[PDB]
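What's in data02.txt: compact mmCIF, N, CA and C atoms
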# COMPACT_ATOMS: atom_id res chain seq x y z
N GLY A 119 55.15 -100.04 -39.06
CA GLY A 119 54.73 -98.64 -38.87
C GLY A 119 55.25 -97.73 -39.98
N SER A 120 55.10 -98.10 -41.26
CA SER A 120 55.69 -97.39 -42.39
C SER A 120 54.76 -97.54 -43.60
N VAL A 121 54.31 -96.43 -44.20
CA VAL A 121 53.55 -96.45 -45.46
C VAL A 121 54.46 -96.16 -46.66
N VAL A 122 55.39 -95.22 -46.49
CA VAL A 122 56.39 -94.81 -47.45
C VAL A 122 57.64 -94.63 -46.60
N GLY A 123 58.32 -95.73 -46.27
CA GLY A 123 59.58 -95.74 -45.54
C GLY A 123 59.47 -95.44 -44.05
N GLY A 124 58.38 -94.84 -43.55
CA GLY A 124 58.26 -94.52 -42.13
C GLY A 124 57.00 -93.75 -41.73
N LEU A 125 56.21 -93.22 -42.67
CA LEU A 125 55.06 -92.37 -42.40
C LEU A 125 53.83 -93.18 -41.99
N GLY A 126 54.03 -94.35 -41.41
CA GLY A 126 52.96 -95.30 -41.12
C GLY A 126 52.02 -94.85 -40.00
N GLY A 127 52.34 -93.78 -39.27
CA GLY A 127 51.42 -93.12 -38.36
C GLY A 127 50.73 -91.92 -38.99
N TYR A 128 51.10 -91.51 -40.22
CA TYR A 128 50.47 -90.35 -40.84
C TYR A 128 49.18 -90.74 -41.57
N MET A 129 48.34 -89.74 -41.80
CA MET A 129 47.04 -89.81 -42.45
C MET A 129 47.04 -88.86 -43.64
N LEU A 130 46.06 -89.00 -44.54
CA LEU A 130 46.08 -88.39 -45.86
C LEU A 130 44.85 -87.51 -46.06
N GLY A 131 45.07 -86.25 -46.40
CA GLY A 131 44.11 -85.16 -46.33
C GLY A 131 42.97 -85.28 -47.34
N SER A 132 41.92 -84.49 -47.11
CA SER A 132 40.63 -84.47 -47.80
C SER A 132 40.61 -84.14 -49.31
N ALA A 133 41.75 -83.79 -49.90
CA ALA A 133 41.94 -83.53 -51.33
C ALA A 133 40.97 -82.45 -51.88
N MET A 134 40.95 -81.23 -51.31
CA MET A 134 39.85 -80.27 -51.51
C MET A 134 40.21 -78.78 -51.49
N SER A 135 41.49 -78.46 -51.59
CA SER A 135 42.00 -77.11 -51.44
C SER A 135 43.24 -76.91 -52.32
N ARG A 136 43.36 -75.71 -52.91
CA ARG A 136 44.53 -75.24 -53.65
C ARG A 136 44.49 -73.69 -53.77
N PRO A 137 44.59 -72.93 -52.65
CA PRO A 137 44.34 -71.49 -52.66
C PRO A 137 45.32 -70.72 -53.55
N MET A 138 44.88 -69.57 -54.08
CA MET A 138 45.77 -68.62 -54.75
C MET A 138 46.50 -67.86 -53.65
N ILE A 139 47.82 -67.69 -53.78
CA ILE A 139 48.67 -67.05 -52.78
C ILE A 139 49.54 -66.02 -53.50
N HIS A 140 49.93 -64.95 -52.82
CA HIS A 140 50.33 -63.70 -53.46
C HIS A 140 51.65 -63.22 -52.87
N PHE A 141 52.77 -63.38 -53.60
CA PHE A 141 54.12 -63.19 -53.06
C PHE A 141 54.48 -61.71 -52.93
N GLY A 142 53.62 -60.84 -53.43
CA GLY A 142 53.78 -59.39 -53.43
C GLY A 142 54.12 -58.86 -54.82
N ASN A 143 54.51 -59.74 -55.76
CA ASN A 143 54.46 -59.44 -57.18
C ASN A 143 53.96 -60.66 -57.91
N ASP A 144 53.40 -60.39 -59.09
CA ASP A 144 53.06 -61.34 -60.14
C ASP A 144 54.30 -62.03 -60.74
N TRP A 145 55.50 -61.85 -60.18
CA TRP A 145 56.72 -62.54 -60.62
C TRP A 145 56.59 -64.03 -60.30
N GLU A 146 56.40 -64.36 -59.02
CA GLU A 146 56.31 -65.74 -58.54
C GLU A 146 54.90 -66.12 -58.10
N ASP A 147 54.06 -65.14 -57.80
CA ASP A 147 52.63 -65.35 -57.66
C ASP A 147 52.13 -66.05 -58.96
N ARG A 148 52.49 -65.53 -60.15
CA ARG A 148 52.09 -66.13 -61.43
C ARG A 148 52.73 -67.49 -61.64
N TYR A 149 54.02 -67.63 -61.31
CA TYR A 149 54.79 -68.84 -61.54
C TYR A 149 54.02 -69.99 -60.92
N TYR A 150 53.61 -69.80 -59.66
CA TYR A 150 52.73 -70.71 -58.96
C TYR A 150 51.39 -70.96 -59.65
N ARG A 151 50.67 -69.95 -60.14
CA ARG A 151 49.36 -70.18 -60.77
C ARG A 151 49.50 -71.00 -62.06
N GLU A 152 50.71 -71.10 -62.62
CA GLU A 152 51.04 -71.93 -63.77
C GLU A 152 51.76 -73.21 -63.32
N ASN A 153 52.06 -73.34 -62.02
CA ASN A 153 52.83 -74.45 -61.45
C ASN A 153 52.10 -75.10 -60.28
N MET A 154 50.81 -74.83 -60.05
CA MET A 154 50.11 -75.34 -58.87
C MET A 154 49.54 -76.74 -59.09
N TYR A 155 49.33 -77.12 -60.35
CA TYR A 155 48.72 -78.37 -60.76
C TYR A 155 49.52 -79.58 -60.27
N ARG A 156 50.83 -79.53 -60.49
CA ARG A 156 51.83 -80.52 -60.10
C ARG A 156 51.81 -80.79 -58.60
N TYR A 157 51.64 -79.76 -57.77
CA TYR A 157 51.72 -79.90 -56.33
C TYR A 157 50.60 -80.82 -55.86
N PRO A 158 50.80 -81.55 -54.76
CA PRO A 158 49.74 -82.34 -54.19
C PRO A 158 48.69 -81.35 -53.68
N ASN A 159 47.43 -81.56 -54.05
CA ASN A 159 46.29 -80.95 -53.38
C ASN A 159 46.14 -81.53 -51.97
N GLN A 160 46.49 -82.80 -51.80
CA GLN A 160 46.47 -83.51 -50.54
C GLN A 160 47.61 -83.04 -49.63
N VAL A 161 47.48 -83.30 -48.33
CA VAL A 161 48.46 -83.00 -47.29
C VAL A 161 48.50 -84.21 -46.35
N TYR A 162 49.65 -84.57 -45.79
CA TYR A 162 49.83 -85.70 -44.88
C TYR A 162 50.01 -85.20 -43.44
N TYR A 163 49.23 -85.72 -42.49
CA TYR A 163 49.01 -85.11 -41.18
C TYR A 163 48.76 -86.18 -40.10
N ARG A 164 48.43 -85.79 -38.86
CA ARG A 164 48.09 -86.70 -37.74
C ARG A 164 46.91 -86.16 -36.92
N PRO A 165 46.20 -87.00 -36.15
CA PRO A 165 44.96 -86.58 -35.53
C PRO A 165 45.17 -85.55 -34.44
N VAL A 166 44.80 -84.31 -34.75
CA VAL A 166 44.74 -83.14 -33.88
C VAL A 166 43.89 -83.39 -32.63
N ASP A 167 43.03 -84.41 -32.60
CA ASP A 167 42.27 -84.78 -31.40
C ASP A 167 43.22 -84.95 -30.20
N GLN A 168 44.46 -85.38 -30.49
CA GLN A 168 45.57 -85.67 -29.59
C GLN A 168 46.42 -84.44 -29.22
N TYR A 169 46.20 -83.26 -29.82
CA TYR A 169 47.10 -82.12 -29.76
C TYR A 169 46.38 -80.91 -29.14
N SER A 170 47.08 -80.09 -28.35
CA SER A 170 46.56 -78.83 -27.81
C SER A 170 46.10 -77.84 -28.89
N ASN A 171 46.57 -77.99 -30.13
CA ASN A 171 46.22 -77.15 -31.26
C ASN A 171 46.71 -77.81 -32.53
N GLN A 172 46.09 -77.46 -33.66
CA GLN A 172 46.45 -78.04 -34.93
C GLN A 172 47.72 -77.39 -35.48
N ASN A 173 48.06 -76.15 -35.10
CA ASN A 173 49.17 -75.39 -35.66
C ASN A 173 50.48 -76.16 -35.54
N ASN A 174 50.76 -76.78 -34.38
CA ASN A 174 51.93 -77.63 -34.22
C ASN A 174 51.94 -78.76 -35.25
N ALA A 175 50.78 -79.37 -35.48
CA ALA A 175 50.63 -80.55 -36.30
C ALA A 175 50.61 -80.17 -37.79
N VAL A 176 50.07 -78.99 -38.12
CA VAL A 176 50.14 -78.31 -39.41
C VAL A 176 51.61 -78.14 -39.77
N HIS A 177 52.41 -77.50 -38.90
CA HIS A 177 53.76 -77.12 -39.29
C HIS A 177 54.63 -78.38 -39.46
N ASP A 178 54.32 -79.48 -38.76
CA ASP A 178 54.88 -80.82 -39.02
C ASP A 178 54.41 -81.33 -40.39
N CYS A 179 53.09 -81.33 -40.61
CA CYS A 179 52.36 -81.78 -41.80
C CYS A 179 52.90 -81.16 -43.08
N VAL A 180 53.24 -79.88 -43.04
CA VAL A 180 53.78 -79.16 -44.19
C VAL A 180 55.05 -79.87 -44.65
N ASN A 181 56.00 -80.05 -43.73
CA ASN A 181 57.30 -80.66 -44.00
C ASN A 181 57.10 -82.06 -44.57
N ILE A 182 56.20 -82.81 -43.93
CA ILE A 182 55.89 -84.19 -44.25
C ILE A 182 55.17 -84.30 -45.59
N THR A 183 54.30 -83.38 -45.97
CA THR A 183 53.59 -83.41 -47.24
C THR A 183 54.61 -83.35 -48.36
N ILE A 184 55.42 -82.29 -48.35
CA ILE A 184 56.55 -82.07 -49.24
C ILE A 184 57.39 -83.35 -49.31
N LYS A 185 57.76 -83.92 -48.16
CA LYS A 185 58.51 -85.16 -48.05
C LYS A 185 57.74 -86.29 -48.71
N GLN A 186 56.61 -86.78 -48.18
CA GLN A 186 55.76 -87.78 -48.81
C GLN A 186 55.54 -87.62 -50.31
N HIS A 187 55.61 -86.41 -50.85
CA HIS A 187 55.62 -86.17 -52.27
C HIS A 187 57.02 -86.50 -52.80
N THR A 188 57.99 -85.61 -52.63
CA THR A 188 59.37 -85.71 -53.11
C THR A 188 60.00 -87.08 -52.88
N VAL A 189 59.77 -87.75 -51.76
CA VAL A 189 60.35 -89.05 -51.46
C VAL A 189 59.95 -90.09 -52.52
N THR A 190 58.69 -90.07 -52.93
CA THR A 190 58.15 -90.97 -53.93
C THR A 190 58.65 -90.56 -55.32
N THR A 191 59.04 -89.29 -55.47
CA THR A 191 59.47 -88.67 -56.71
C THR A 191 60.98 -88.85 -56.92
N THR A 192 61.80 -88.71 -55.89
CA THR A 192 63.25 -88.82 -55.97
C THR A 192 63.67 -90.30 -56.00
N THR A 193 62.79 -91.21 -55.54
CA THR A 193 62.82 -92.63 -55.88
C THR A 193 62.79 -92.86 -57.41
N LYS A 194 62.44 -91.84 -58.21
CA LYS A 194 62.42 -91.86 -59.67
C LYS A 194 63.51 -90.95 -60.25
N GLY A 195 64.58 -90.71 -59.48
CA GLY A 195 65.70 -89.88 -59.90
C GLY A 195 65.37 -88.39 -59.88
N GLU A 196 64.18 -88.00 -59.43
CA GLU A 196 63.77 -86.62 -59.45
C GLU A 196 64.42 -85.91 -58.28
N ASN A 197 64.29 -84.60 -58.22
CA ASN A 197 64.68 -83.82 -57.08
C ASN A 197 63.88 -82.53 -57.08
N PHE A 198 63.72 -81.93 -55.91
CA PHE A 198 63.02 -80.67 -55.72
C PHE A 198 63.98 -79.69 -55.09
N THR A 199 63.74 -78.41 -55.35
CA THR A 199 64.64 -77.32 -55.01
C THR A 199 63.85 -76.28 -54.23
N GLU A 200 64.52 -75.42 -53.47
CA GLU A 200 63.87 -74.57 -52.47
C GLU A 200 62.75 -73.75 -53.09
N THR A 201 63.00 -73.10 -54.22
CA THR A 201 61.98 -72.26 -54.85
C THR A 201 60.75 -73.08 -55.25
N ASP A 202 60.86 -74.39 -55.49
CA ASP A 202 59.69 -75.26 -55.65
C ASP A 202 59.02 -75.44 -54.29
N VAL A 203 59.78 -75.83 -53.26
CA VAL A 203 59.25 -76.06 -51.92
C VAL A 203 58.51 -74.82 -51.40
N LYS A 204 59.02 -73.61 -51.65
CA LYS A 204 58.40 -72.37 -51.21
C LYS A 204 57.05 -72.15 -51.87
N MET A 205 56.82 -72.75 -53.03
CA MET A 205 55.55 -72.69 -53.74
C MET A 205 54.56 -73.72 -53.24
N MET A 206 55.00 -74.76 -52.55
CA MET A 206 54.14 -75.66 -51.79
C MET A 206 53.88 -75.04 -50.43
N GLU A 207 54.85 -74.58 -49.64
CA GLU A 207 54.55 -74.16 -48.26
C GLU A 207 53.40 -73.16 -48.20
N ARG A 208 53.40 -72.16 -49.09
CA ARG A 208 52.34 -71.16 -49.22
C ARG A 208 50.96 -71.81 -49.27
N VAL A 209 50.82 -72.89 -50.04
CA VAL A 209 49.58 -73.63 -50.14
C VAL A 209 49.43 -74.69 -49.07
N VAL A 210 50.43 -75.51 -48.80
CA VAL A 210 50.34 -76.68 -47.95
C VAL A 210 50.06 -76.24 -46.51
N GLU A 211 50.55 -75.09 -46.07
CA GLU A 211 50.10 -74.45 -44.84
C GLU A 211 48.59 -74.25 -44.92
N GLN A 212 48.09 -73.52 -45.93
CA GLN A 212 46.66 -73.27 -46.09
C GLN A 212 45.85 -74.56 -46.11
N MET A 213 46.29 -75.56 -46.88
CA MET A 213 45.57 -76.79 -47.10
C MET A 213 45.57 -77.60 -45.82
N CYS A 214 46.71 -77.75 -45.15
CA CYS A 214 46.76 -78.55 -43.94
C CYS A 214 45.96 -77.85 -42.85
N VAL A 215 46.12 -76.53 -42.67
CA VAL A 215 45.26 -75.77 -41.77
C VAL A 215 43.81 -76.04 -42.13
N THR A 216 43.39 -75.88 -43.39
CA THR A 216 41.99 -76.05 -43.74
C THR A 216 41.50 -77.49 -43.56
N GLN A 217 42.33 -78.50 -43.86
CA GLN A 217 41.94 -79.88 -43.67
C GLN A 217 41.69 -80.08 -42.18
N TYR A 218 42.61 -79.61 -41.33
CA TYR A 218 42.48 -79.72 -39.90
C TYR A 218 41.24 -78.99 -39.43
N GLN A 219 41.04 -77.78 -39.94
CA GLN A 219 39.91 -76.93 -39.64
C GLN A 219 38.62 -77.41 -40.30
N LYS A 220 38.60 -78.58 -40.96
CA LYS A 220 37.38 -79.29 -41.29
C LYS A 220 37.33 -80.64 -40.56
N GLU A 221 38.46 -81.32 -40.35
CA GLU A 221 38.52 -82.59 -39.63
C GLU A 221 38.18 -82.41 -38.17
N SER A 222 38.45 -81.23 -37.61
CA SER A 222 38.37 -80.93 -36.19
C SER A 222 37.33 -79.85 -35.96
N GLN A 223 36.30 -79.87 -36.80
CA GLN A 223 35.26 -78.90 -36.88
C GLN A 223 34.08 -79.67 -37.45
N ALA A 224 34.08 -79.96 -38.75
CA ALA A 224 33.03 -80.64 -39.49
C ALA A 224 32.85 -82.13 -39.14
N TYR A 225 33.56 -82.65 -38.13
CA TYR A 225 33.38 -84.00 -37.61
C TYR A 225 32.60 -84.02 -36.29
N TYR A 226 32.57 -82.89 -35.58
CA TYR A 226 32.07 -82.78 -34.22
C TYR A 226 31.14 -81.60 -34.11
N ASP A 227 31.52 -80.47 -34.70
CA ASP A 227 30.97 -79.14 -34.48
C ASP A 227 30.48 -79.00 -33.04
N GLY A 228 31.41 -79.25 -32.11
CA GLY A 228 31.18 -79.21 -30.68
C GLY A 228 30.71 -80.54 -30.10
N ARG A 229 31.04 -81.65 -30.77
CA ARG A 229 30.52 -83.01 -30.60
C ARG A 229 28.99 -82.96 -30.53
N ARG A 230 28.35 -83.03 -31.69
CA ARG A 230 26.91 -83.02 -31.86
C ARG A 230 26.29 -81.71 -31.35
N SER A 231 27.01 -80.59 -31.43
CA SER A 231 26.45 -79.29 -31.05
C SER A 231 25.76 -78.60 -32.22
N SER A 232 26.08 -79.00 -33.44
CA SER A 232 25.47 -78.55 -34.67
C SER A 232 25.77 -79.67 -35.65

Go through the file and emit its structure as structure tokens.
Amino acid sequence: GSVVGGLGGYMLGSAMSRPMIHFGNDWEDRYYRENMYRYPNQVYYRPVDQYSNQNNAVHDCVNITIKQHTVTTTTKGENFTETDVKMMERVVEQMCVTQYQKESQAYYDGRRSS
């Protein structure tokens, strides 16, 4: 039950989102627009079909995405620091929410309702 040390129950997102996010100044809003490429566009998550709402599974997914990234990276002597992580959470929240909001929408649209 392990894909990368233990994430063997997790699934891997649609690879389709990287929103612009706005910290309230172009100080770190810009830093991100020059630092967004490195971040995973993908997010690691679990089937919301099983959950009362995706938000619980999103907020898990955020932590796990960062982890599934950094874990494979610090295996290479790398390390990540809070101000890097804060530049993923802004997006990885959006991306995991949006992946969920297509996996749990664009798969059923009310189970064959549209």

Open item on the list: So, with all atoms listed in the file as the atoms that count, which of A:128, A:153, A:181, A:164 lies closest to residue 207 of chain A?
Closed with: A:181

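Every protein or nucleic acid residue with an atom no more than 6.5 Å from residue 132 of chain A, counting all atoms listed in the file and leaving out same-chain residues fewer than 2 positions away, appears here: residues 130, 134, 135, 160, 161 and 217 of chain A.
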
Open item on the list: For segment 186-201 of chain A, find every residue with an atom within 10 Å (counting only C-alpha atoms), except residues of its own chain fewer than 3 positions away, and show them as an MDAnalysis selection string.
Closed with: chainID A and resid 121:125 128 146 157:158 160:162 179:183 204:206

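Counting from atom N of residue 174 of chain A, the distance to atom CA of residue 215 of chain A is 9.3 Å.
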
Open item on the list: To test your reading of the structure, identify every residue in segment 122-227 of chain A that backbone DSSP assigns to helix (DSSP H, G or I), and report it as a PyMOL selection string.
Closed with: chain A and resi 146-151+166-168+172-192+200-221+227

- [ ] List the neighbours of residue 221 of chain A out to 8 Å using all atoms listed in the file; skip same-chain residues closer than 6 positions along the sequence, and give me the result as an MDAnalysis selection string.
- [x] chainID A and resid 166:167 215 227

Once you have the residues from the selection above, write them out as a PDB file, keeping the file's coordinate frame, restricted to N, CA and C atoms.
ATOM      1  N   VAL A 166      44.800 -84.310 -34.750  1.00  0.00           N
ATOM      2  CA  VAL A 166      44.740 -83.140 -33.880  1.00  0.00           C
ATOM      3  C   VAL A 166      43.890 -83.390 -32.630  1.00  0.00           C
ATOM      4  N   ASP A 167      43.030 -84.410 -32.600  1.00  0.00           N
ATOM      5  CA  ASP A 167      42.270 -84.780 -31.400  1.00  0.00           C
ATOM      6  C   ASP A 167      43.220 -84.950 -30.200  1.00  0.00           C
ATOM      7  N   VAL A 215      46.120 -76.530 -42.670  1.00  0.00           N
ATOM      8  CA  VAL A 215      45.260 -75.770 -41.770  1.00  0.00           C
ATOM      9  C   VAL A 215      43.810 -76.040 -42.130  1.00  0.00           C
ATOM     10  N   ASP A 227      31.520 -80.470 -34.700  1.00  0.00           N
ATOM     11  CA  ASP A 227      30.970 -79.140 -34.480  1.00  0.00           C
ATOM     12  C   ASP A 227      30.480 -79.000 -33.040  1.00  0.00           C
TER      13      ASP A 227
END

- [ ] Just give me the gap between atom CA of residue 127 of chain A and atom CA of residue 163 of chain A in Å, one decimal is fine.
- [x] 8.8 Å

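Comparing the minimum interatomic distances between residue 213 of chain A and each of A:159, A:168, A:173, A:232, counting only C-alpha atoms, we find that A:159 sits nearest.
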
- [ ] State, in Å with one decimal place, the distance from atom N of residue 138 of chain A to atom C of residue 223 of chain A.
- [x] 22.3 Å

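DSSP secondary structure from the backbone places residues 129, 130, 162 and 163 of chain A of chain A in strand (DSSP E).
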
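Candidate residues A:137, A:171, A:147, A:176 were compared for distance to residue 214 of chain A, and the nearest is A:176, using only N, CA and C atoms.
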
Some atoms are missing, so please complete segment 140-166 of chain A with N, CA, C and O atoms and return it as an mmCIF file, keeping the file's coordinate frame.
data_model
loop_
_atom_site.group_PDB
_atom_site.id
_atom_site.type_symbol
_atom_site.label_atom_id
_atom_site.label_comp_id
_atom_site.auth_asym_id
_atom_site.auth_seq_id
_atom_site.Cartn_x
_atom_site.Cartn_y
_atom_site.Cartn_z
ATOM 1 N N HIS A 140 49.930 -64.950 -52.820
ATOM 2 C CA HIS A 140 50.330 -63.700 -53.460
ATOM 3 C C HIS A 140 51.650 -63.220 -52.870
ATOM 4 O O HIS A 140 51.675 -62.751 -51.735
ATOM 5 N N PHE A 141 52.770 -63.380 -53.600
ATOM 6 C CA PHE A 141 54.120 -63.190 -53.060
ATOM 7 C C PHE A 141 54.480 -61.710 -52.930
ATOM 8 O O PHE A 141 55.552 -61.365 -52.426
ATOM 9 N N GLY A 142 53.620 -60.840 -53.430
ATOM 10 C CA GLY A 142 53.780 -59.390 -53.430
ATOM 11 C C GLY A 142 54.120 -58.860 -54.820
ATOM 12 O O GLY A 142 53.960 -57.669 -55.086
ATOM 13 N N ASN A 143 54.510 -59.740 -55.760
ATOM 14 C CA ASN A 143 54.460 -59.440 -57.180
ATOM 15 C C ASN A 143 53.960 -60.660 -57.910
ATOM 16 O O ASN A 143 54.267 -61.793 -57.542
ATOM 17 N N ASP A 144 53.400 -60.390 -59.090
ATOM 18 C CA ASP A 144 53.060 -61.340 -60.140
ATOM 19 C C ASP A 144 54.300 -62.030 -60.740
ATOM 20 O O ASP A 144 54.185 -62.704 -61.754
ATOM 21 N N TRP A 145 55.500 -61.850 -60.180
ATOM 22 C CA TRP A 145 56.720 -62.540 -60.620
ATOM 23 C C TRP A 145 56.590 -64.030 -60.300
ATOM 24 O O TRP A 145 56.600 -64.855 -61.207
ATOM 25 N N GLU A 146 56.400 -64.360 -59.020
ATOM 26 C CA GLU A 146 56.310 -65.740 -58.540
ATOM 27 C C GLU A 146 54.900 -66.120 -58.100
ATOM 28 O O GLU A 146 54.568 -67.305 -58.068
ATOM 29 N N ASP A 147 54.060 -65.140 -57.800
ATOM 30 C CA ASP A 147 52.630 -65.350 -57.660
ATOM 31 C C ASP A 147 52.130 -66.050 -58.960
ATOM 32 O O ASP A 147 51.570 -67.135 -58.871
ATOM 33 N N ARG A 148 52.490 -65.530 -60.150
ATOM 34 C CA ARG A 148 52.090 -66.130 -61.430
ATOM 35 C C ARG A 148 52.730 -67.490 -61.640
ATOM 36 O O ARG A 148 52.042 -68.400 -62.095
ATOM 37 N N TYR A 149 54.020 -67.630 -61.310
ATOM 38 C CA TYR A 149 54.790 -68.840 -61.540
ATOM 39 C C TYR A 149 54.020 -69.990 -60.920
ATOM 40 O O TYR A 149 53.701 -70.965 -61.583
ATOM 41 N N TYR A 150 53.610 -69.800 -59.660
ATOM 42 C CA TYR A 150 52.730 -70.710 -58.960
ATOM 43 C C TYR A 150 51.390 -70.960 -59.650
ATOM 44 O O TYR A 150 50.993 -72.110 -59.740
ATOM 45 N N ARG A 151 50.670 -69.950 -60.140
ATOM 46 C CA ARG A 151 49.360 -70.180 -60.770
ATOM 47 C C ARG A 151 49.500 -71.000 -62.060
ATOM 48 O O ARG A 151 48.511 -71.530 -62.542
ATOM 49 N N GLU A 152 50.710 -71.100 -62.620
ATOM 50 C CA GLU A 152 51.040 -71.930 -63.770
ATOM 51 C C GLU A 152 51.760 -73.210 -63.320
ATOM 52 O O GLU A 152 52.049 -74.080 -64.132
ATOM 53 N N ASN A 153 52.060 -73.340 -62.020
ATOM 54 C CA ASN A 153 52.830 -74.450 -61.450
ATOM 55 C C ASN A 153 52.100 -75.100 -60.280
ATOM 56 O O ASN A 153 52.704 -75.857 -59.539
ATOM 57 N N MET A 154 50.810 -74.830 -60.050
ATOM 58 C CA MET A 154 50.110 -75.340 -58.870
ATOM 59 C C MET A 154 49.540 -76.740 -59.090
ATOM 60 O O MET A 154 49.300 -77.473 -58.134
ATOM 61 N N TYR A 155 49.330 -77.120 -60.350
ATOM 62 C CA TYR A 155 48.720 -78.370 -60.760
ATOM 63 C C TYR A 155 49.520 -79.580 -60.270
ATOM 64 O O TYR A 155 48.961 -80.511 -59.690
ATOM 65 N N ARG A 156 50.830 -79.530 -60.490
ATOM 66 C CA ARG A 156 51.830 -80.520 -60.100
ATOM 67 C C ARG A 156 51.810 -80.790 -58.600
ATOM 68 O O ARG A 156 51.975 -81.942 -58.200
ATOM 69 N N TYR A 157 51.640 -79.760 -57.770
ATOM 70 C CA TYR A 157 51.720 -79.900 -56.330
ATOM 71 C C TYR A 157 50.600 -80.820 -55.860
ATOM 72 O O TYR A 157 49.518 -80.853 -56.468
ATOM 73 N N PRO A 158 50.800 -81.550 -54.760
ATOM 74 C CA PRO A 158 49.740 -82.340 -54.190
ATOM 75 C C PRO A 158 48.690 -81.350 -53.680
ATOM 76 O O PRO A 158 49.018 -80.395 -52.977
ATOM 77 N N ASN A 159 47.430 -81.560 -54.050
ATOM 78 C CA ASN A 159 46.290 -80.950 -53.380
ATOM 79 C C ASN A 159 46.140 -81.530 -51.970
ATOM 80 O O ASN A 159 45.722 -80.845 -51.034
ATOM 81 N N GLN A 160 46.490 -82.800 -51.800
ATOM 82 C CA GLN A 160 46.470 -83.510 -50.540
ATOM 83 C C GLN A 160 47.610 -83.040 -49.630
ATOM 84 O O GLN A 160 48.595 -82.466 -50.094
ATOM 85 N N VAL A 161 47.480 -83.300 -48.330
ATOM 86 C CA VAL A 161 48.460 -83.000 -47.290
ATOM 87 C C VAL A 161 48.500 -84.210 -46.350
ATOM 88 O O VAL A 161 47.453 -84.846 -46.170
ATOM 89 N N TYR A 162 49.650 -84.570 -45.790
ATOM 90 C CA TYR A 162 49.830 -85.700 -44.880
ATOM 91 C C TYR A 162 50.010 -85.200 -43.440
ATOM 92 O O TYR A 162 50.858 -84.350 -43.198
ATOM 93 N N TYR A 163 49.230 -85.720 -42.490
ATOM 94 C CA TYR A 163 49.010 -85.110 -41.180
ATOM 95 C C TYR A 163 48.760 -86.180 -40.100
ATOM 96 O O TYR A 163 48.913 -87.373 -40.380
ATOM 97 N N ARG A 164 48.430 -85.790 -38.860
ATOM 98 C CA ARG A 164 48.090 -86.700 -37.740
ATOM 99 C C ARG A 164 46.910 -86.160 -36.920
ATOM 100 O O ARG A 164 46.722 -84.949 -36.940
ATOM 101 N N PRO A 165 46.200 -87.000 -36.150
ATOM 102 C CA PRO A 165 44.960 -86.580 -35.530
ATOM 103 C C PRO A 165 45.170 -85.550 -34.440
ATOM 104 O O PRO A 165 45.615 -85.869 -33.338
ATOM 105 N N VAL A 166 44.800 -84.310 -34.750
ATOM 106 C CA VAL A 166 44.740 -83.140 -33.880
ATOM 107 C C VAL A 166 43.890 -83.390 -32.630
ATOM 108 O O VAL A 166 44.085 -82.689 -31.643
#
